[PDB]
Each structure stands twice: as structure tokens, then as C-alpha cells.
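Counting starts at 1 for both ligands and their atoms, in listed order. Per chain, numbering begins at 1; letters A, B, ... match sequence-line order.
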Amino acid sequence: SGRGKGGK
Amino acid sequence: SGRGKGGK
Amino acid sequence: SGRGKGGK
Amino acid sequence: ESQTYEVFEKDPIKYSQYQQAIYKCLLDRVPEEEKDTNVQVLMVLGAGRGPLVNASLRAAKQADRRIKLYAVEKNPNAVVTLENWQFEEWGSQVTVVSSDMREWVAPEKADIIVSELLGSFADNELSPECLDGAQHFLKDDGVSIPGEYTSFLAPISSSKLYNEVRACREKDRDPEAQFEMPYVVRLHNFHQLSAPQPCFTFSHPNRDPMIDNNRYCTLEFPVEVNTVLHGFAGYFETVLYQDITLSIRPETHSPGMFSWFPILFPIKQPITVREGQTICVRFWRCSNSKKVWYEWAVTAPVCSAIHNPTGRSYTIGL
Amino acid sequence: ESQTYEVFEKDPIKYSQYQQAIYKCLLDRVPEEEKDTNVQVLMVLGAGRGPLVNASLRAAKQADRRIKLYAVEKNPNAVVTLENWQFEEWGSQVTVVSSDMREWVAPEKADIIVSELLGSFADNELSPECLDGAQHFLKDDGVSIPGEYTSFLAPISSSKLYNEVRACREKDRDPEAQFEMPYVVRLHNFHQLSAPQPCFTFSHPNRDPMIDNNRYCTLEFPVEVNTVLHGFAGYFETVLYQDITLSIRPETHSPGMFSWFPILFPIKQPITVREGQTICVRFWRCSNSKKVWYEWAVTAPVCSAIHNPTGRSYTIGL
Amino acid sequence: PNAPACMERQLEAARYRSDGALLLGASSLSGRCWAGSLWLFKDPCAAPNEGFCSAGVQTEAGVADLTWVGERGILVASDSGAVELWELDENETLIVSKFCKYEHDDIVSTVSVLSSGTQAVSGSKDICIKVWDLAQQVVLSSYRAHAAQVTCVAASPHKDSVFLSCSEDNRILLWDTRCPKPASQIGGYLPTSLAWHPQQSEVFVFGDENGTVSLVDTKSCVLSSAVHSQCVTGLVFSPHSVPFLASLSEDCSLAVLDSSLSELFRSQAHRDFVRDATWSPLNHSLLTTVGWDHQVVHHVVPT
Amino acid sequence: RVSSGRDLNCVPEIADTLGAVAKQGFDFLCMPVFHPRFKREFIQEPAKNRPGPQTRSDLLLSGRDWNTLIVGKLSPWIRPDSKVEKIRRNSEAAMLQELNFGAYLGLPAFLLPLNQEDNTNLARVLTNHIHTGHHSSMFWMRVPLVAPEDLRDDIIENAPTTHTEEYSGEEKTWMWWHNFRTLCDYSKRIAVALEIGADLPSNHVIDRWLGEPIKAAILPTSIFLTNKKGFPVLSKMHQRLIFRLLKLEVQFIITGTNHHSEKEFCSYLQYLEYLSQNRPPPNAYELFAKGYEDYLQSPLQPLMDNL
Ligand SMILES: Nc1ncnc2c1ncn2[C@@H]1O/C(=C/[C@@H](N)CC[C@H](N)C(=O)O)[C@@H](O)[C@H]1O
Ligand SMILES: Nc1ncnc2c1ncn2[C@@H]1O/C(=C/[C@@H](N)CC[C@H](N)C(=O)O)[C@@H](O)[C@H]1O
């Protein structure tokens with residue numbers, strides 16, 4: 001969300 | 001188990 | 001020399 | 001850790017086998033007429049949280065023989081459990097020793113030394129080195145339980161496992177180190193390519209001066225199928241005492257015993273094997289005064305690199 | 001290697017100092033009247049290619065005293081040179097022993113043990129551990145040459161050296177390991193920021209039961225300049241016997257002695273230091289039964305990470 | 001004797017009362033249960049044998065310190081954070097709880113009865129010092145003067161408003177409760193034990209964490225000696241007109257010192273930490289020590 | 001909603017204590033693993049050869065209970081930064097012993113104090129244990145907002161308390177934490193157990209802890225006020241700090257004895273629940289962003305990539 005992708 | 005540790 | 005080895 | 005010892009203790013078969021082996025040994029060493037005068041000195045070498053100490057006491061009760069027990073353990077955390085058991089239940093009959101069996105200055109010699117220092121490949125937890133150091137406190141006619149153990153190897157095919165090992169590449173180490181180390185694994189999606197063959201054997205007590213626990217074995221495996229070789233499955237068998245044994249070799253697997261899963265020695269590069277060809281593998285057991293390791297290579301139908309030279313990817317600390 | 005021993009041997013000052021120390025010791029131990037009856041047992045512990053054996057014989061000739069020599073060396077390659085010297089020149093007066101001094105079952109006790117097991121930071125070649133193991137074969141009134149050694153540290157500034165350490169990043173290891181290890185370096189383009197202060201001391205023979213060669217030192221360095229801290233220069237001093245010493249500490253440097261260049265302990269991140277501030281450094285000498293290592297940290301004017309925890313980047317093998 | 005079947009291994013305290021009966025305090029610092037017990041031995045030579053006590057009682061938690069309150073009362077510094085008062089029955093065959101007040105927020109390490117015998121002082125790991133009224137079973141005052149654990153509190157032998165305290169904050173404080181700011185700081189290594197001189201009103205001794213014993217006079221320089229190789233656990237003056245000074249340590253020894261702090265007697269009878277020492281009121285040359293090795297040792301001191 | 005634990009330094013019977021604590025409504029117990037008064041010797045005879053068990057058995061609780069309900073506490077006598085060499089050496093050996101027992105038990109967390117400026121050797125011993133085996137456990141550094149030396153009663157005649165503002169001086173305990181974590185090289189297993197006092201310091205001291213890995217907030221019973229009904233409550237300023245800590249989802253720890261004697265113990269925990277229930281409900285944005293707090297994401301690239 002909030003213009004982001006990926007992460008964990 | 002089976003004489004092992006760790007992994008994931 | 002001077003108690004050292006290796007380098008370059 | 002506490003839970004590791006707790007997992008060990010969940011295996012009912014293993015300890016009932018140790019109890020049967022101690023029971024038979026006590027009967028062979030003390031005749032009925034010496035029942036009330038002969039006190040056998042029993043040392044549990046690597047006592048953990050006390051199941052082999054309890055197995056020894058049950059064995060002495062069922063044999064109707066007198067025992068004097070020492071429970072030797074180097075792990076101080078497990079020593080807490082042992083010392084709480086000693087005060088609450090065991091009493092004076094058990095002497096808990098917080099020491100490495102290789103350093104302990106025993107105050108008396110033993111009639112029987114009991115240990116369970118076995119890995120999935122038998123000698124991979126360093127049972128030979130440990131029992132070699134403890135040997136000097138066993139009497140001249142003394143018995144070691146286990147008396148013997150043998151590792152076994154079998155070639156396997158598993159593109160599933162090959163890919164599983166492949167994904168174990170970590171930062172800050174050799175990018176191929178994951179292929180130069182064994183894994184304990186409950187092998188499932190795989191093909192055993194030839195019957196397991198014996199690799200390395202150790203006997204206790206060891207009466208071949210200067211021992212030499214280093215070993216070199218060549219094994220030739222007939223293969224009746226077209227396949228791809230990805231590694232070697234490792235198993236073991238052990239003679240606790242006479243006919244009382246434990247085994248994880250599939251063909252002679254002790255029923256209901258789950259303490260050990262097989263071991264897997266991978267190879268870096270998969271090897272194509274045609275029907276009727278022979279897989280020739282070479283295995284070495286190596287050491288210095290600090291570490292023990294295995295090195296391995298395939299030499300037929302094609303050569304592989306020697307895996308784990310000088311223990312560069314995997315070592316077993318002494 | 002042969003050429004390494006050949007470089008050691010090129011230092012005329014070092015051996016002439018050892019000879020003077022042995023010469024004085026022999027005179028203090030044997031009165032003139034006991035000249036022809038009293039044979040002193042001298043053991044050269046870590047004999048290399050034989051210069052301290054020759055230094056001992058020259059010392060005994062100039063003292064006009066009788067000596068019985070043992071030349072102990074664990075390196076079998078150097079043992080070849082020693083055994084060829086023993087047959088061709090020395091004779092029966094010298095007994096060459098191919099052994100680790102920590103394992104050797106000496107057949108006689110020594111009056112004097114002579115060794116040169118010193119690194120640029122004194123104890124970094126493990127002279128304390130080696131002489132501790134050899135201690136049991138030195139007589140109750142026995143002398144060890146060297147009798148004592150002390151390491152010294154001094155804060156330094158060198159963006160040139162910081163960049164030199166930075167460029168030592170290698171594949172398959174921690175990308176910052178190069179900052180967690182000492183280097184032997186002839187420091188040239190640098191600024192010494194405060195006077196060298198003593199770090200660790202060892203005395204031989206060691207009469208503090210269970211020894212404990214592990215150490216922890218806090219040093220506070222006054223800094224009179226605006227600068228940038230990049231690491232610590234390490235040096236040492238040693239008392240061979242009484243007033244006969246060797247030093248690489250700049251202020252007391254033994255003239256013309258080039259056997260040791262200073263050591264450098266870098267820090268990962270450069271530290272800004274203002275005039276009038278204090279540099280506080282913490283150094284630890286750590287070990288297990290297998291390895292010895294150093295750990296270090298700056299705590300003032302700002303904290304650094306602890307460098308080399310558990311010997312993760314650098315260890316000295318036992 | 002209607003008491004617990006077995007006393008705990010770790011003997012913490014030993015105190016003779018006027019008639020020569022011996023009061024013991026013990027805790028189990030290991031094993032399953034971490035509690036304590038209180039014991040009276042009218043025959044001190046039978047101690048620590050349970051079947052030969054006059055009275056014994058189990059406490060809920062460990063005994064970190066204790067003291068007599070007159071001839072029949074017993075004040076206990078507990079692990080629970082409570083200061084407890086126990087009392088010997090008229091038959092002296094039972095030890096009955098009178099009060100258990102949980103006022104400290106951590107272990108109560110030290111306790112000391114003031115001159116009157118109607119009030120006491122407690123010190124704790126909670127950093128507080130409390131003044132108690134023993135009859136009303138209440139805290140009269142609570143003081144947070146220290147900046148670390150309170151190691152020892154010692155009531156003046158003859159001045160009911162004066163006591164000493166020491167702590168891990170490296171302070172020795174002289175208290176006089178008649179003052180608006182009641183504490184005053186007395187001028188290296190942490191102080192660990194305190195003992196007022198029984199004859200000299202403004203004189204006291206203190207032991208430190210490095211084995212040193214020091215003689216101090218409130219007025220003013222201090223006389224000292226390196227008596228022990230480790231922490232000075234306790235300091236107890238003898239009952240003689242010219243008292244001797246017993247010192248005990250984690251180094252497992254007992255030393256008996258003179259006026260100039262010079263050694264006269266040394267004992268290595270204990271195999272573990274020496275915890276308390278008490279001089280017999282009947283035979284002045286007999287000093288009793290207790291330790292974590294579960295030994296009650298009766299020493300014959302050369303007087 | 002609120003995850004809370006009990007802090008005790010006296011546990012006479014482990015099973016009985018856990019039960020009493022669970023009944024009170026607590027989710028965990030911070031407790032000593034070795035008796036806090038049981039000082040041990042590792043170097044000098046005869047005390048180094050002390051027999052019997054060094055502590056309570058691991059068999060007293062199930063593996064699940066050790067893994068989820070017990071937070072270990074370092075013994076108070078363990079002083080790795082002591083000026084006395086002997087204490088320093090015995091403390092290093094005891095600290096390693098206690099941390100290794102905690103890891104043996106599989107404890108989810110272990111509490112260590114930061115109660116003075118110099119904790120260099122405590123950091124060194126901790127860093128060394130971290131680089132030895134099983135890397136799962138959390139270390140909670142118990143550090144106060146206000147150092148005991150700075151909140152002592154002004155009752156020492158010849159040592160008055162400082163009535164002058166010392167801007168950086170009042171922020172001292174943050175520098176204790178900062179230096180400690182710098183030494184341990186920002187290990188993610190090292191977090192803060194922030195201890196709250198009866199009187200809060202200036203806002204700048206409180207804000208100094210913003211962005212810090214706070215895993216727990218320690219509330220002594222002695223900081224609680226009493227209401228007309230006789231039940232424990234907190235000052236408006238303390239409540240303001242509780243609300244900030246609730247947004248960080250810290251675990252609250254209740255330490256000390258019951259000071260509201262004629263009002264039961266779970267009342268302290270009932271008050272925290274009250275504050276937790278009586279907080280502003282999250283808005284549309286806050287309800288949407290729940291789960292993404294401090295979650296790093298790659299910025300979308302709708303030009304180079306097809307969404
Ligand atoms: N050299 C040694 N000296 C003493 N104990 C050792 C040594 N090497 C391993 N051990 C211990 O012996 C052990 C054995 C285990 N493999 C089995 C444990 C236990 N007997 C059980 O069957 O449940 C572990 O507890 C180790 O800590
Ligand atoms: N434990 C040991 N036992 C025997 N020799 C050792 C041991 N440790 C080191 N050495 C040897 O002693 C040595 C010493 C050198 N640092 C000096 C060599 C020589 N004495 C010279 O001054 O030219 C090397 O030759 C090592 O092989």
C-alpha cells in the first residue's frame with residue numbers, strides 16, 4: 001500500500 | 001527431530 | 001619483514 | 001537445549017533397547033551366587049537429562065543385580081536436571097559428574113561404560129574420539145555399550161533435494177559451501193539407486209594402539225536404471241550388546257524408532273548414470289587435534305571434485 | 001619457511017642481547033669455585049634453525065661455564081637444519097628435540113629456559129600459552145629468558161592507512177572483516193596522537209595458579225590536537241634478564257633492531273577528535289582451548305562497535 | 001519438636017541472646033523450593049541438627065538477614081520484600097508470626113533494631129531505607145537517599161535516632177533522624193559491612209568488597225588492613241570490656257582482630273561463604289560462625 | 001488488547017507463582033533463573049567446588065511455558081564492570097552461565113540492567129554470547145528514564161541535589177543505552193525495557209527515546225496514584241506517556257509490591273486495560289495503514305514495470 005511493493 | 005537442528 | 005607475511 | 005533432550009526422550013524403543021543390553025551384560029558379568037556381594041561399577045558417559053541412568057537402574061532391578069552408578073555430563077545446563085534428579089530421587093547410588101569424559105580423573109574403574117553419542121552417520125557426533133579418551137577408566141575385562149557401530153551409504157536421485165541444497169547459498173561464504181556439508185533429512189521424494197553398503201566401522205574398547213580414527217573407503221554401487229545422481233544417503237547400525245542392536249538402515253530399521261533421520265551428502269554437480277553402469281564413491285574421515293570432518297568424491301561413471309577438502313565448508317568440533 | 005628464519009637471523013642486535021642475558025644468568029647461577037663441577041641445563045624452547053643454541057654456547061664460553069643444551073622445535077623442516085648442525089658441528093652437548101614444548105616429556109629439569117616466541121604486540125605469537133605448558137620442566141629456582149614482556153598501544157591518525165585497510169575487502173567473508181584484524185606494518189605516513197601506554201604484561205615463570213592469560217585493559221589517551229582517529233599502533237618491550245632488554249616502543253627502541261615492525265589495530269569507522277579531548281580504548285585478550293584473539297573498542301570521545309567479537313574475523317591458533 | 005523435618009542448606013544468620021540460646025536463619029538458595037526457616041537451639045552444640053532444636057518454623061521466602069527483638073521477638077529481612085516479626089510463645093516451643101508487612105519493592109537485604117527496642121531500620125535492593133514502629137506494625141518513615149542497593153544498615157548501640165547505612169552507590173551515610181536532612185555522607189572500593197564500636201559512641205568499622213577492614217571516628221587518617229582476599233560479609237565485636245573484632249568473608253575465612261586491626265586468630269573451617277558470627281554471652285572466648293556449607297562452627301578464640 | 005507481564009524477584013515455588021500471576025490476568029512473568037542472592041565462585045577453592053544443583057530444574061515447567069511465559073532476569077550481584085578484578089571475572093563467568101541457561105530453557109526474552117555509565121564489559125560478554133549458537137532470543141536492556149542518582153530524595157545534608165537545569169545531563173540514561181547498543185553493533189536482538197518513575201522528566205528527555213526499539217515499558221506500583229474509591233490510577237502526564245507507548249505496542253511490566261493493599265493486585269493491570277479501551281479510535285488512514293507501520297517497501301515504478 002501507499003505506493004510501495006515488496007518488503008518481507 | 002531425527003538428530004537435526006535449524007532449516008527454515 | 002618485521003614479523004609480517006603476505007600483503008600485495 | 002532442554003527441548004532437544006526432551007525430543008530424544010520421546011523415543012520409547014531406544015532406551016528399552018539400552019535397558020535390555022545392560023540387563024544381559026549384568027547377568028553375563030555377575031553369576032547368581034555373587035548376586036549380593038558383587039557391585040558392578042556402571043558409568044553413563046554423556047548422561048544428558050538422565051534417561052540412560054534410569055535405564056541402568058531398571059536393568060539392575062530386572063537382573064536382580066547390584067550397581068554403582070556415575071552419570072558423566074559435560075553440558076552444565078543438563079547437569080542441573082541431573083543434580084535435581086540425584087537429590088530428589090536417585091540418592092547416593094548415583095554420582096553426577098560435571099565433566100568432559102576425556103578429562104575426568106575417574107576415582108574407580110568401570111565394569112560397564114554406557115553411552116549414546118551416535119549421529120545419523122554413526123561416528124558423526126564424535127563417539128570414537130569421546131570413548132577413546134574414556135577408555136583408560138574401563139577395567140581390563142570391561143564392556144562398552146555400544147560395542148560397535150557401522151555407517152552405510154547408498155546413492156540417491158532427487159532433483160527435489162538437489163534444488164533444496166542449491167537454495168542454501170548464504171552471504172559471506174563460498175557460493176558452493178552448501179554442497180560440501182551433510183544434512184540430516186527425512187528423505188521422501190527420492191530414488192535409492194543401489195543397496196546401502198557399509199562405509200566406516202568403530203569398536204569399543206579399541207585395542208589397535210594409537211587408534212587412528214581416520215578412514216578411507218571406496219564403494220562400488222551397481223545401478224540397474226537410467227538416472228541422475230544427486231548425493232548419498234547415510235545410515236547406521238549399532239551393536240549395543242551381542243544381539244541387541246539399533247538400526248536406521250532401511251532394510252533392518254528398528255521398528256518405531258525415530259531418534260535419527262538419514263543423513264545426506266550432496267554432490268555439487270548432478271551426474272548422469274546409464275543402466276548397467278557402476279557408481280564409484282570415495283569417502284574419507286579426517287581430523288586434526290581440533291576438528292573431524294568428511295571428504296567425498298565420485299570417481300565412476302565420471303569424476304566429481306573432492307568435496308569438503310580440509311573441512312573448508314564443514315567441520316565437527318572436538 | 002626457510003627464508004622467514006633467514007630474515008630473523010639477519011638481526012645482529014637481537015641475538016647479541018640474548019647472548020648477554022644468558023652470559024649474566026650463568027654467572028649469577030654458578031659461583032667461580034663451582035666452575036668445573038656445575039653443568040647448567042639450558043633448554044632453547046622454539047629453536048628454529050639454531051641461532052639461540054649458538055648464542056647459548058657463545059654465552060657459556062665467554063662466562064667460562066659448563067652447559068648441557070636441549071634445542072626444542074616443533075617445525076620438522078627447521079628440525080632438519082638443527083639435526084644437520086648437531087651432527088656436523090654441535091655434537092653430544094646439544095640434544096635436538098622435535099616436539100611441541102607443551103607436550104614434551106623432558107628427561108631432566110632445566111636451570112634456564114631460553115625462548116624468542118614474541119610478536120610485534122609481545123604475546124600475539126602465544127608465548128604465554130607456550131611457556132605456561134613448558135613451565136613444569138623448569139627447576140624451582142629456574143630462570144626463563146625472557147623474564148617479562150609488556151605490550152603498548154598508542155592512538156594514530158592516518159587516512160592513508162585507513163584506505164589501505166579498506167581496500168583489503170575479500171570475496172566470501174564479512175565485508176568489514178579487514179577492520180577487525182591486526183596488521184604488521186612499518187608505520188610511515190601517520191600521526192601518533194598520544195604517548196604509548198602499557199596494555200598487557202606476562203611474567204615467566206608464572207606463579208599465579210590456573211594462570212589466566214585472558215585480559216581486559218582500559219586506556220585513556222590525552223589528545224592535544226584536532227584530528228581523526230583511524231586505529232592503534234602496537235609495540236612491546238621485553239626484559240630478557242635484569243637490565244638486558246629489547247624494545248620496539250619508539251621512545252626506547254633498541255638501536256638497529258629490525259626483527260619487529262609495529263602492529264596496527266584499525267577501527268571500522270574514523271573518529272573525529274577535538275583538541276583537549278580524551279581517547280578511551282578498551283582491549284581484551286580472549287581465548288578458548290583452541291584459539292586466542294583480541295577484541296577492542298573505543299568508548300570516548302564516541303563509542304565504536306566492539307571489533308572482532310568471539311574472534312569472528314581474526315584468531316591465533318593454539 | 002513440632003518444627004520442619006529438614007533445615008535448608010544455606011545458613012544465613014546466627015545470633016546468641018542473653019541466656020546463650022542460639023537463633024539460626026536459613027534459606028534454600030537452590031533446588032525446587034526457595035524458602036527459608038528460623039530455629040532456636042537452647043543447646044547450641046546440637047545445631048544444625050533439627051531433631052535437637054527447641055523450636056523451628058518455615059518462612060514463605062528466604063531469610064536474607066535477621067535480628068533478635070528483645071528476648072522473644074525475631075525480625076526478618078525477607079526475599080518477598082517483607083519485613084517480618086516472629087515471636088517465641090510463652091513455652092518457647094513455637095515461633096509464631098506477629099506481622100508480615102510487604103513494604104519494599106525488592107529483596108530486604110538488611111535489618112537492625114534501634115536502641116529503644118520499639119523501632120527498627122530496614123534496607124533493600126529497592127534502594128529505600130525504612131524506619132518501622134514494631135508495636136503499631138507500620139513504617140514511620142521511608143528514605144530514598146542512596147542511588148543503588150542498600151548493602152547494610154546498623155543501628156547505633158545507644159542513640160535511638162542514629163544509624164549507619166552503606167550501598168553500592170559507594171556512600172556510607174550517618175543518619176540522625178532529629179535532623180531536617182537526616183543523612184550525612186562520611187568520607188574507593190564499595191562498602192559492604194558495618195559495625196559500631198560497642199564502647200566508643202562515634203567510632204565504627206567498615207568492610208569493603210576488596211577485603212579491607214577500616215576503623216573510622218565520626219570526628220576525623222583512617223586505620224585499615226587488607227584482612228580478606230574477597231568481600232567483607234560481616235563485622236561483629238566481642239562482649240569483652242576491650243572488644244575483639246570478628247571479620248568474615250566470601251573467601252570462606254573468619255579472622256579475629258585487635259584494636260589496631262592486627263590478626264590474632266584465623267579459621268578456614270568453612271568450605272563455603274561465612275555468613276554470620278555471634279559471640280557467646282556465657283563464655284566470652286567462644287565465637288560461633290555459620291556458612292553456606294551448612295556448618296555451625298564453635299571457635300575457641302585466644303583471649 | 002494490552003500484553004502485560006509481572007516482574008518478581010522472589011519465586012519460592014515456580015508452578016504456584018505462575019498460577020497466581022496468570023489468575024491476576026498477566027500474560028508473562030519476569031523472574032530470576034538462579035536465586036538472586038546465590039552468589040557463585042568460579043575461580044577460588046573451596047567455594048568454587050560448592051556441591052548440589054546450581055539452580056531449579058527445567059522439568060518444573062513444560063517447554064511451551066518456558067518458551068512463552070518466562071522472561072529471564074540477570075542476577076543483581078553480576079557486575080562485569082566492577083573495579084574489583086575478582087568480581088569482574090566471576091561476573092563474566094556467571095553472566096555467561098545465566099545467559100546460557102536462558103538459551104537452554106528457550107526463554108523468549110532475558111532482562112539485563114543498564115544502571116551506570118560504564119557497561120563496556122557487560123556489552124562485550126553479551127556480544128560474545130550472541131555470536132555463540134541459537135540466534136532467536138531477545139535481550140531487554142532495563143534502563144530508566146531518570147537515573148536513581150537524579151531522583152534521590154534531597155535528604156543528604158552535605159550532598160544537596162542539583163536544582164540547576166542540566167539539559168544534556170538529564171538525558172544521561174539515553175547515552176547509557178546508545179553506547180551499549182553501539183558496542184553490540186546494533187544487534188536486532190537487543191531492545192529497550194524502559195523503566196518509568198514517579199515523576200516524569202522534561203519532554204526533551206522523554207522524546208530522546210523516539211525511534212528507539214522499545215519492546216517493554218516497566219511500571220513500578222509506587223508510581224500509581226490513588227482515587228477517591230481507593231484504586232490505583234496514573235497522573236495525566238503519565239497517562240499521556242502510556243498512550244504514546246500503546247501506539248508502539250509495547251508489553252507493559254508491573255514491578256514492585258501491592259501498595260493498594262486493601263484493593264487487590266490485578267487492579268494495576270485493570271487500570272492499564274481501562275486506558276487501552278479509553279483511547280482515540282483510529283481514523284480511515286490509520287485503519288488502512290495498520291500492518292504497514294515501519295514496513296519498508298520498494299517504491300512502485302509504473303513506467304518501467306507493468307503494475
Ligand atoms: N566428551 C563428552 N563428555 C561428556 N558428555 C559428553 C561428551 N560429548 C558429548 N557429551 C554429552 O552426551 C550427550 C549425549 C547425547 N548424544 C544423548 C543424551 C542422553 N544420554 C539421552 O540419550 O537422552 C549430550 O548430552 C552431550 O552433552
Ligand atoms: N609450542 C612450541 N613448541 C616448540 N616450538 C615452538 C612452539 N611454538 C612455536 N615454536 C617455534 O619456535 C619458533 C620461534 C621463533 N619465533 C624464533 C625462531 C628462532 N629461535 C630464531 O630466533 O631465529 C618457531 O621456530 C616455531 O616453530
I want to confirm something. Looking only at heavy atoms, which of D:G46, D:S99, D:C130 is nearest to atom 12 (O) of ligand 1?
D:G46
Polar contact flag for C:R3 and ligand 2 (N/O pairs, less than 3.5 Å)
yes
So does E:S247 get a backbone contact from the side chain of E:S254, meaning a donor-acceptor N/O pair under 3.5 Å?
yes
E:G48 heavy atoms within 4.0 Å reach ligand 2 at atoms 25 (O)
Tell me which one of D:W104, D:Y5, D:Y15 gets a heavy atom nearest to atom 23 (O) of ligand 1.
D:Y15
Near E:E125 (heavy-atom distance under 4.0 Å), the atoms of ligand 2 are 16 (N)
D:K74, D:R102, D:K14, D:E73: member with heavy atom nearest to atom 7 (C) of ligand 1:
D:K74
Please walk me through it: do E:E108 and E:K68 pass salt bridge (charged side-chain N to carboxylate O under 4.0 Å, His left out)?
CA-CA 11 Å; E:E108 205 173 6; E:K68 181 182 182 179; 2.9 Å; yes
How far apart are the C-alpha atoms of E:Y235 and E:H253, what are their side-chain angles, what is the distance that settles it, and do they pass the side-chain hydrogen bond (donor to acceptor under 3.5 Å, both in side chains) test?
CA-CA 10 Å; E:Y235 312 102; E:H253 203 300; over 6 Å; no
To the nearest 0.1 Å, how far is atom 1 (N) of ligand 2 from its closest protein heavy atom, and which atom is that?
E:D100 OD1, 2.8 Å
For ligand 2, the portion of E:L52 having any non-hydrogen atom under 4.0 Å away
side chain
Is D:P51 near ligand 1, meaning one of its heavy atoms is under 4.0 Å from it?
yes
Under-4.0 Å salt bridge between E:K74 and E:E103
no
Would you call the rings of D:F8 and D:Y5 parallel, tilted or perpendicular, taking 30° and 60° as the class edges?
perpendicular
Identified side chain to side chain donor-acceptor pair (under 3.5 Å) counterpart of E:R49 within the set E:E73, E:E9, E:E6
E:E9
Nearest heavy atom to atom 2 (C) of ligand 1, choosing from D:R49, D:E6, D:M101, belongs to D:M101
Could you check whether the rings of D:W90 and D:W85 sit parallel, tilted or perpendicular, using 30° and 60° as the cut-offs?
parallel
Which residue holds the protein heavy atom closest to atom 15 (C) of ligand 2, what is that atom called, and what is the gap in Å?
E:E116 O, 3.3 Å
Of the backbone atoms (N, CA, C, O) and the side-chain heavy atoms from C-beta on, which set of E:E103 has a member under 4.0 Å from an atom of ligand 2: side chain, backbone, both, or neither?
neither
Identify which one of D:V94, D:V143, D:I112, D:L57 satisfies the side chain to side chain contact (heavy atoms under 4.5 Å, CB included) criterion when paired with D:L42.
D:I112
Would you tell me which option among D:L131, D:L117, D:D11, D:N77 has the nearest heavy-atom contact to atom 10 (N) of ligand 1?
D:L117
D:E129 and D:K290 ion-paired at < 4.0 Å
no
